[PDB]
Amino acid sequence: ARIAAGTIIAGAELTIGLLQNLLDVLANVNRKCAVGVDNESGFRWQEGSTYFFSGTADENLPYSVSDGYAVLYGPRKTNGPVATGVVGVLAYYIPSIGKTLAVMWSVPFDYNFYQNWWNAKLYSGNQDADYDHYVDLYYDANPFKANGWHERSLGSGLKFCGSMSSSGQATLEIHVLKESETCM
C-alpha cells in the first residue's frame, strides 16, 4: 500500500491514525514506534541520518524532506526475548538556516522502571545523528512524556509541536513550523 515506513508523504496526510496503520505494517515485535515528522518549516531538509542506542529499523530514513512533506520512519527493537527496547535519534541538515534538526525517541523494555520519552532540537551546522544528541535530548534538554501535546520554540524562526503515545507500540507525531503559525 501507499503506507510504508521510510518514505515521504504530503505533509497534510500526517495524523495519528495514519501512524497507527504504519505501526501495523512494522515487524510484529513488542517495542516499536511509528514516527512521523511534518516539515512545515519553509526550508529543505537533507542528508537524513540515524543513530540507535538500541534497536534498528528495517527501512532506511529518506535522504531529504522538502518543505510541504512529512517523513515516516519505523524504529523497532531487536526481535526475540532479548529484554530490549528501541531508543534513537534521527537528524536532518537544514542548509538555508545552517542548522541540524534532531528528533529523539525512547521506548524502553522495562516499564516497571521507565516510560516513553521524546524530544526535538536544533544544533548548529551539519551534525550527523549521534550518541551526544541522544544524551542531550534524553537527559539534559527536558524531553516530553507521553501525556498529550507539547510545543517548544527551536530558534531560527521555527518551533515544533507533537505527541507520543504511552505504550510499547507507540506513535510519535511531530510538526515543525514557523513561529508565526499555530499548532496548539
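Heads up: residue numbers just count along the shown sequence, starting at 1.
Averaged over CA atoms, B-factors in the entry run higher in 14 to 22 than in the other of 14 to 22 and 168 to 176. Two stretches are in play, 52 to 60 and 33 to 41, and the higher mean C-alpha B-factor belongs to 52 to 60. Out of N28, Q46, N119, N116, it is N28 whose C-alpha atom has the highest B-factor in the PDB entry. Across the residues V71, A102, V86, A83, the deposited record lists the maximum Cα B factor for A83. For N112, the recorded CA B-factor ranks within the middle third of the chain. Only modelled residues enter the ranking. Among all modelled residues in this chain, the alpha-carbon of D140 has a temperature factor (C-alpha) in the highest third.
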